[PDB]
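Some notes on the structure that comes next.
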Amino acid sequence: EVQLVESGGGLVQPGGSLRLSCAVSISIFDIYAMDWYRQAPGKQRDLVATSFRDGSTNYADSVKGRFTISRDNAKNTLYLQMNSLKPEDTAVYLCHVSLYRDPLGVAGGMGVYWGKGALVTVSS
């Protein structure tokens, strides 16, 4: 079983910083896509950042210049460095992973895994 565990969450003041990490139970260097999602109370999940196998990254416009995603292949850990946090950043942050390039979405049960999430609270 592939398992994800998020850490590094908590309460911070506006403009503060947090580094989220997700430990993966398997080697991550060949994992196709590793994502950070977030879900604010009463709202839908949004994709925050994505790290692809080929080294490329995608960011939501709302977190560009503030958030940084990266893989630590040696530790099998996905990081989310969060600087200049805002009240609107308050959400449960969830790590997500797609082991395989799955164009037709035929191997969801085998390739897609979610973490339980880590709560991030930004207020003064």
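By convention in this document, the chains of the structure tokens carry letters A, B, ... by their order, each chain's residues are numbered from 1, and ligands are numbered from 1 in the order they are shown.
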
Sort by chain and increasing residue number a table of all residues of stretch 34-74 of chain A within 10 Å of stretch 112-119 of chain A, each with its closest pair of atoms and their distance in Å to one decimal, counting only C-alpha atoms, and write it as a tab-separated table.
```
residue	atom	partner	partner_atom	distance
A:34	CA	A:113	CA	9.8
A:35	CA	A:114	CA	9.5
A:36	CA	A:117	CA	9.7
A:37	CA	A:117	CA	9.0
A:38	CA	A:117	CA	8.6
A:39	CA	A:119	CA	9.4
A:40	CA	A:119	CA	9.6
```

Problem - Long-range neighbours of residue A:82 as a PyMOL selection string, 9 Å cut-off, only C-alpha atoms, 4 positions minimum in chain - result: chain A and resi 16-20+63+66-69

Would you save the residues of that selection, restricted to N, CA and C atoms, as a PDB file, in the first residue's frame?
```
ATOM      1  N   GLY A  16       3.437  35.244   7.863  1.00  0.00           N
ATOM      2  CA  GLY A  16       4.312  34.231   8.428  1.00  0.00           C
ATOM      3  C   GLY A  16       4.643  33.122   7.448  1.00  0.00           C
ATOM      4  N   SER A  17       5.417  32.144   7.906  1.00  0.00           N
ATOM      5  CA  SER A  17       5.857  31.059   7.037  1.00  0.00           C
ATOM      6  C   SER A  17       5.631  29.677   7.640  1.00  0.00           C
ATOM      7  N   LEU A  18       5.345  28.716   6.770  1.00  0.00           N
ATOM      8  CA  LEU A  18       5.237  27.314   7.150  1.00  0.00           C
ATOM      9  C   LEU A  18       5.819  26.435   6.054  1.00  0.00           C
ATOM     10  N   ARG A  19       6.462  25.340   6.445  1.00  0.00           N
ATOM     11  CA  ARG A  19       6.915  24.363   5.466  1.00  0.00           C
ATOM     12  C   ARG A  19       6.196  23.039   5.672  1.00  0.00           C
ATOM     13  N   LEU A  20       5.337  22.695   4.721  1.00  0.00           N
ATOM     14  CA  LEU A  20       4.641  21.420   4.752  1.00  0.00           C
ATOM     15  C   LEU A  20       5.502  20.344   4.114  1.00  0.00           C
ATOM     16  N   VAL A  63      -0.776  31.530  -5.600  1.00  0.00           N
ATOM     17  CA  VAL A  63       0.329  31.158  -4.720  1.00  0.00           C
ATOM     18  C   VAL A  63       1.695  31.384  -5.361  1.00  0.00           C
ATOM     19  N   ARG A  66       5.016  32.963  -3.760  1.00  0.00           N
ATOM     20  CA  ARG A  66       4.863  32.775  -2.322  1.00  0.00           C
ATOM     21  C   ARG A  66       5.126  31.325  -1.929  1.00  0.00           C
ATOM     22  N   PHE A  67       4.577  30.397  -2.707  1.00  0.00           N
ATOM     23  CA  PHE A  67       4.693  28.975  -2.400  1.00  0.00           C
ATOM     24  C   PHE A  67       5.727  28.305  -3.299  1.00  0.00           C
ATOM     25  N   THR A  68       6.405  27.294  -2.769  1.00  0.00           N
ATOM     26  CA  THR A  68       7.376  26.534  -3.550  1.00  0.00           C
ATOM     27  C   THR A  68       7.226  25.038  -3.298  1.00  0.00           C
ATOM     28  N   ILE A  69       7.018  24.280  -4.370  1.00  0.00           N
ATOM     29  CA  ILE A  69       6.946  22.826  -4.274  1.00  0.00           C
ATOM     30  C   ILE A  69       8.263  22.212  -4.752  1.00  0.00           C
TER      31      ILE A  69
END
```

Completion exercise
What separates atom CA of residue A:13 and atom CA of residue A:58 is a distance of 26.4 Å

Problem - Residues within 12 Å of stretch 103-109 of chain A, only C-alpha atoms, excluding chain neighbours under 4 positions, as a PyMOL selection string - result: chain A and resi 1-2+32+97-99+113-114

Practice task
Looking only at alpha helix (DSSP H) from DSSP on the backbone, list the matching residues of chain A as a list in words.
Solution key: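 Listing alpha helix (DSSP H) positions across chain A yields residues 108, 109, 110 and 111 of chain A.
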
Problem - For atom CA of residue A:90 and atom CA of residue A:11, the interatomic separation in Å (one decimal) - result: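 Distance reported for this atom pair: 9.2 Å.
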
Exercise for the section: Just the strand (DSSP E or B) stuff from stretch 34-114 of chain A, please, per backbone DSSP, written as an NGL selection string. Expected result: :A and (34-39 or 46-52 or 57-59 or 67-72 or 77-82 or 91-98 or 112-114)

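Among the candidates A:61, A:89, A:46, A:72, the one nearest to residue A:9 when counting only C-alpha atoms is A:89.
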
Problem - Atomic separation - atom CA of residue A:27 relative to atom CA of residue A:111, Å - result: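 Interatomic distance, atom CA of residue A:111 to atom CA of residue A:27: 13.5 Å.
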
Practice task
Find the residues near residue A:21: any atom within 9 Å, counting only C-alpha atoms, skip ones fewer than 3 places away on the same chain, and give them as an MDAnalysis selection string.
Solution key: chainID A and resid 5:9 77:81 95

Go ahead and save the residues from that selection, with C-alpha atoms, as a PDB file, in the first residue's frame.
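part-v1.pdb written:
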```
ATOM      1  CA  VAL A   5       1.560  11.563   5.704  1.00  0.00           C
ATOM      2  CA  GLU A   6       1.487  15.362   5.855  1.00  0.00           C
ATOM      3  CA  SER A   7       3.400  17.335   8.485  1.00  0.00           C
ATOM      4  CA  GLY A   8       4.408  20.920   9.235  1.00  0.00           C
ATOM      5  CA  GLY A   9       0.938  22.421   9.569  1.00  0.00           C
ATOM      6  CA  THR A  77       9.331  13.557   0.727  1.00  0.00           C
ATOM      7  CA  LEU A  78       7.303  16.239  -1.043  1.00  0.00           C
ATOM      8  CA  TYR A  79       7.713  19.753   0.360  1.00  0.00           C
ATOM      9  CA  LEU A  80       5.549  22.855   0.210  1.00  0.00           C
ATOM     10  CA  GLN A  81       7.369  25.974   1.367  1.00  0.00           C
ATOM     11  CA  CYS A  95      -0.812  15.781  -0.531  1.00  0.00           C
TER      12      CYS A  95
END
```

Problem - Nearest-residue call for residue A:30, choices A:3, A:53, A:64, A:83, using only C-alpha atoms - result: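 Once distances to residue A:30 are computed over only C-alpha atoms, the minimum belongs to A:53.
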
Practice task
Name the closest residue to residue A:91 among the candidates A:65, A:76, A:42, A:28; distances are taken between atoms, counting only C-alpha atoms.
Solution key: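 Of A:65, A:76, A:42, A:28, the one nearest residue A:91 is A:42, counting only C-alpha atoms.
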
Practice task
Go through A:88, A:100, A:31, A:10 and flag the residue nearest residue A:62, using only C-alpha atoms for the distances.
Solution key: A:88
